[PDB]
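Each remark here refers to the structure printed beneath this line.
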Amino acid sequence: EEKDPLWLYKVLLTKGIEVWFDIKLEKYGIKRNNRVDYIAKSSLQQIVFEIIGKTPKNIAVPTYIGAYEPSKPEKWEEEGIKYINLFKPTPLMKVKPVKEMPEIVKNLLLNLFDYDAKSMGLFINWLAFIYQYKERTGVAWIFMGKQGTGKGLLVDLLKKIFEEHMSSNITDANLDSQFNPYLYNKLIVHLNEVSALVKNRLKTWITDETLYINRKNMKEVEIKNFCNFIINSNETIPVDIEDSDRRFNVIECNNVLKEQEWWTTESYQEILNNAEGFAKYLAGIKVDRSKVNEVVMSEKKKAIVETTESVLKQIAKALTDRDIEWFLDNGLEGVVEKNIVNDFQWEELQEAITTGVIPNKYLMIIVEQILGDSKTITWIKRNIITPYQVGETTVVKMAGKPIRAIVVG
Amino acid sequence: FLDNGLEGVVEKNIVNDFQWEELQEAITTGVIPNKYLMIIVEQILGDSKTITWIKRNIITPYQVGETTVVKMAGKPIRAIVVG
Ligand SMILES: [Mg+2]
């Protein structure tokens, strides 16, 4: 009966509206003035009526799959499936390259990294890559330290720049919510640790190819992941950081802005008015692609790790490394002061750690002394030697007598 | 530390007049022998904490400084060097 299956599509394109049926979401999509919405059929029929004066029974539009592919065009076709793009660049994403960064913006950035070019520049190279290439980095930045260091200002600054493609000030509460639209179509995702660790999920988000997106009144849907994560915190460790970590750059900043020379009142606002300037700068970076996903052992990251990691691990590692110095650094020499051991035995005890051959009665003496109360061989085995594979419990003949000892290796 | 009752170390004879000078000197100079660090932190907090603990729960998380040997009165001493 119908002559054209897409007449309505075209007539609405004539008027600068692009309508489609999104087979994946079973929802009609609509695109005007770089704003994308998804609406049910009735809602579309109501829009169509207003624009052509006829409510057709049949919505004569193409079936596409909406997909947030920033690099890809307005539309494409992989294999045989027609896709349509949900990424539309914001104003300050489409802006002309420059080589100079606005000076008052630069002072913020300098202030924030405590004037350390290495890490600061690395963050610009990250931020640039996100801006320019619009992919997932596989690294995240934690900014901790006291308030008013312009962590929050950096967020507003960028928020102005990425507009909708960024989520701001996402909290633990938002995560406990069953929905999670703060990851739908987001190049940047900012989090605010607040209570003075449920964000460990984020670890996987940084590197996962895809996310599940539960949105209200929409189908749970799996999507390609373009997220990059910043986390603001104020002296509280938001995430359990492994010693050997490759995801997190950590940047302590305690340079309050209101304690600097350069800070006027109009500074706060001035910074934000230079968003375009800072966009322009970012657009003109020449991106080292190998440095994007680089992480560094900042002073703060080290402090976080050496407090997060288990003391029993640290003992075991000192036993393994045959590292007397550590034990002395942690006050083993106090064994001699309290006359738990004599001058002779103390030589034997140090010898034992270094040689990596430790008599039971010295092991117990060491672990009692480091930890502050006495632990049995059994405990020390089950909670140090055994889980961290320090070595084996065995016999060795020391002097003539056969001695129960732990043999490192 | 004096505002929070460190001077109580002297009352209970945990330390003598001589050592008490060394202990105050140590805080100010920012060079603290293990046995004084423990004495301080025991005294402020009310029960004795090991060097290990004090490292893991004070020095290390709040980046107070590092533990290095310093010779004091000839003997080499384990100390916390503020900075
Ligand atoms: Mg929010």
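Heads up: the protein sequence lines correspond to chains D and F, in order. Using the deposited numbering, the letters of the first sequence map in sequence onto residues 303 to 498, 506 to 718. Using the deposited numbering, the letters of the second sequence map in sequence onto residues 636 to 718. Beta carbons: idealized from backbone N, C-alpha and C, even for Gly.
Next item on the list: Just the C-alpha distance for residue 444 of chain D and residue 646 of chain F, rounded to the nearest angstrom, thanks.
Entry: For this step, residue 444 of chain D is matched to residue 142 along the first sequence. For this step, residue 646 of chain F is matched to residue 11 along the second sequence. The alpha-carbon atoms of residue 444 of chain D and residue 646 of chain F are separated by roughly 47 Å.
Next item on the list: Could you check how far apart the C-beta atoms of residue 673 of chain D and residue 689 of chain D are, in whole angstroms? I think they sit under 8 Å.
Entry: Start at 1 with the first residue of the first sequence, and residue 673 of chain D comes out as number 364. Start at 1 with the first residue of the first sequence, and residue 689 of chain D comes out as number 380. With 8 Å as the limit, residue 673 of chain D and residue 689 of chain D qualify as a contact, their Cβ atoms being about 7 Å apart.
Notebook entry, point to check: Is residue 537 of chain D near ligand 1, going by C-beta to nearest heavy atom under 7 Å?
Noted result: Your numbering for residue 537 of chain D matches position 228 in the first sequence. No, the Cβ of residue 537 of chain D stays beyond 7 Å of every heavy atom of ligand 1.
Item checked: Interface residues of the segment 574–607 of chain D facing chain F [CB-CB below 7 Å] -> none
Check: Between residue 504 of chain D and residue 454 of chain D, what straight-line distance do the alpha-carbon atoms span, to the nearest angstrom?
Finding: Regarding the residue in question, residue 504 of chain D is not represented: chain D runs 498 and then 506, omitting everything in between.
Next item on the list: Please report the Cβ distance between residue 604 of chain D and residue 491 of chain D, rounded to the nearest whole angstrom; I am assuming they are in contact, meaning their Cβ atoms lie under 8 Å.
Entry: What you label residue 604 of chain D is simply residue 295 of the first sequence in a count that begins at 1. What you label residue 491 of chain D is simply residue 189 of the first sequence in a count that begins at 1. In fact, because the Cβ distance is near 18 Å, the residues do not count as touching under 8 Å.
Next item on the list: Note down, in chain order, every chain D residue with its Cβ under 7 Å from the Cβ of residue 696 of chain F.
Entry: Numbered from 1 along the second sequence, position 61 holds the residue referred to as residue 696 of chain F. Ordered by position in chain D, the residues that pass the 7 Å Cβ test against residue 696 of chain F are 612 and 616.
Margin query: Distance check for residue 522 of chain D and residue 304 of chain D, CA to CA, integer angstroms please.
Written below: Within the first sequence, residue 304 of chain D is the residue found at index 2, counting from 1. Within the first sequence, residue 522 of chain D is the residue found at index 213, counting from 1. If you take the alpha carbons of residue 304 of chain D and residue 522 of chain D, they lie about 37 Å apart.
Notebook entry, point to check: Is the Cβ-Cβ distance between residue 531 of chain D and residue 519 of chain D less than 8 Å?
Noted result: Within the first sequence, the letter at position 222 stands for residue 531 of chain D. Within the first sequence, the letter at position 210 stands for residue 519 of chain D. Taking 8 Å as the Cβ cut-off, residue 531 of chain D and residue 519 of chain D qualify as a contacting pair.
Check: Counting contacts by CB-CB distance shorter than 8 Å, is residue 690 of chain F in contact with chain D?
Finding: Reading the second sequence from its first residue, position 55 is the one you call residue 690 of chain F. Closer than 8 Å: yes.
Notebook entry, point to check: On the premise that residue 414 of chain D lies in contact with residue 452 of chain D, defined as a C-beta separation below 8 Å, what is that separation, rounded to the nearest angstrom?
Noted result: Walking along the first sequence from the start, residue 452 of chain D turns up at place 150. Walking along the first sequence from the start, residue 414 of chain D turns up at place 112. That belief holds up - the Cβ atoms of residue 452 of chain D and residue 414 of chain D are roughly 6 Å apart, short of 8 Å.
Item checked: alpha helix (DSSP H) segment containing residue 424 of chain D, residue limits -> Residue 424 of chain D sits at position 122 when you count from the first residue of the first sequence. Per DSSP, residue 424 of chain D belongs to the alpha helix (DSSP H) from 419–435.
Checklist line | C-alpha distance - residue 660 of chain D paired with residue 695 of chain D, whole-angstrom precision | finding: Taking the first sequence and counting its residues from 1, the one referred to as residue 660 of chain D is at position 351. Taking the first sequence and counting its residues from 1, the one referred to as residue 695 of chain D is at position 386. If I take the Cα positions, the gap works out to 22 Å.
Margin query: For a quick check, are the C-beta atoms of residue 388 of chain D and residue 369 of chain D less than 8 Å apart?
Written below: Translated into positions along the first sequence, residue 388 of chain D becomes position 86. Translated into positions along the first sequence, residue 369 of chain D becomes position 67. Going by C-beta atoms, residue 388 of chain D is nearer than 8 Å to residue 369 of chain D.
Next item on the list: Identify, in the order they occur along the chain, each residue of the same chain with its Cβ nearer than 6 Å to the Cβ of residue 579 of chain D, setting aside the five sequence neighbours on each side.
Entry: As a first step, residue 579 of chain D is located in the first sequence; it is residue number 270 there, counting from the start. These residues qualify, in order along the chain: 406.
Item checked: Chain-ordered chain D contacts of residue 669 of chain F [CB-CB under 7 Å] -> The residue labelled residue 669 of chain F in the question sits at position 34 within the second sequence. Ordered by position in chain D, the residues that pass the 7 Å Cβ test against residue 669 of chain F are 640.
Item checked: Spatial neighbours of residue 589 of chain D in its chain, beta-carbon cut-off 6 Å, leaving aside the 5 residues before and after -> The count along the first sequence starts at 1 and reaches residue 589 of chain D at position 280. Result list for residue 589 of chain D: 397 and 400, in chain order.
Next item on the list: Taking only beta-carbon positions, decide if residue 686 of chain F is within less than 8 Å of chain D.
Entry: Working through the second sequence from its first residue, we reach residue 686 of chain F at position 51. Chain D contact via Cβ: present.
Checklist line | Three-way DSSP call (helix, strand, coil) for residue 365 of chain D in this model | finding: Here residue 365 of chain D is taken as the residue at index 63 of the first sequence, counted from 1. It is a strand residue.
Check: Using a Cβ-Cβ cut-off of 8 Å (strictly less than) and excluding sequence neighbours within five positions of residue 587 of chain D, which residues of its own chain qualify?
Finding: To locate residue 587 of chain D, count along the first sequence from 1; it is residue 278. Hits under 8 Å: 403, 404, 407, 459 and 463.
Checklist line | residue 705 of chain F: first and last residue of the uninterrupted beta strand (DSSP E) it sits in | finding: Sequence index remark: in the second sequence, residue 705 of chain F carries index 70 (1-based). Element bounds for residue 705 of chain F: 700–707.
Margin query: Can you determine whether any heavy atom of ligand 1 sits closer than 7 Å to the C-beta of residue 479 of chain D, and answer yes or no?
Written below: Your numbering for residue 479 of chain D matches position 177 in the first sequence. Residue 479 of chain D: no, Cβ never under 7 Å from ligand 1.
Check: Does the distance from the C-beta atom of residue 559 of chain D to that of residue 525 of chain D stay below 8 Å?
Finding: In the first sequence, the residue the question calls residue 559 of chain D occupies position 250. In the first sequence, the residue the question calls residue 525 of chain D occupies position 216. Result no, Cβ atoms of residue 559 of chain D and residue 525 of chain D do not sit closer than 8 Å.
Next item on the list: Identify, in the order they occur along the chain, each residue of the same chain with its Cβ nearer than 7 Å to the Cβ of residue 469 of chain D, setting aside the five sequence neighbours on each side.
Entry: One-based indexing of the first sequence puts residue 469 of chain D at position 167. Same-chain partners within the cutoff: 484, 488, 491 and 492.
Next item on the list: Could you pull out every unbroken beta strand (DSSP E) segment of at least 3 residues lying fully inside the segment 606–675 of chain D, listed in chain order?
Entry: Fully enclosed beta strand (DSSP E) runs of 3 or longer: 666–668.
Margin query: I'd like to know if residue 680 of chain D contacts chain F, where contact means its C-beta is closer than 8 Å to some C-beta of that chain.
Written below: As a working note, residue 680 of chain D is residue 371 in the first sequence. With 8 Å as the cut-off, residue 680 of chain D counts as an interface residue toward chain F.
Next item on the list: Select from D:697, D:343 and D:494 the residue whose C-alpha is nearest the C-alpha of residue 629 of chain D.
Entry: Your numbering for residue 629 of chain D matches position 320 in the first sequence. Residue D:697 is the option with its Cα nearest to residue 629 of chain D.
Check: Who pairs with residue 493 of chain D in a beta bridge, going by DSSP?
Finding: Indexing the first sequence from 1 puts residue 493 of chain D at position 191. Its beta-bridge partners are D:472 and D:540.
Check: Between residue 702 of chain F and chain D, is there a C-beta pair that is closer than 8 Å?
Finding: Sequence index remark: in the second sequence, residue 702 of chain F carries index 67 (1-based). Yes - at least one Cβ of chain D is within 8 Å of the one on residue 702 of chain F.
Next item on the list: Give the DSSP-derived three-state secondary structure of residue 593 of chain D in the structure shown.
Entry: For the purposes of this step, residue 593 of chain D is taken as the residue at position 284 of the first sequence. The answer is coil: DSSP assigns residue 593 of chain D none of H, G, I, E or B.
Item checked: beta-carbon residue 470 of chain D near ligand 1 non-hydrogen atom, thresh 7 Å -> Counted from its first residue, the first sequence places residue 470 of chain D at position 168. For residue 470 of chain D, the shortest separation between its Cβ and any heavy atom of ligand 1 lies below 7 Å.
Next item on the list: Starting from residue 637 of chain D, find everything on chain F with Cβ-Cβ shorter than 7 Å and list it in chain order.
Entry: As a position in the first sequence, residue 637 of chain D is number 328, starting the count at 1. The contacting residues are 713.
Next item on the list: List the endpoints of the continuous beta strand (DSSP E) containing residue 339 of chain D.
Entry: By one-based count along the first sequence, residue 339 of chain D stands at place 37. Note, residue 339 of chain D: beta strand (DSSP E), 337–341.
Notebook entry, point to check: DSSP three-state call for residue 519 of chain D: helix, strand or coil?
Noted result: Position 210 of the first sequence holds residue 519 of chain D. Residue state for residue 519 of chain D is assigned as strand, using DSSP reduced to three classes.
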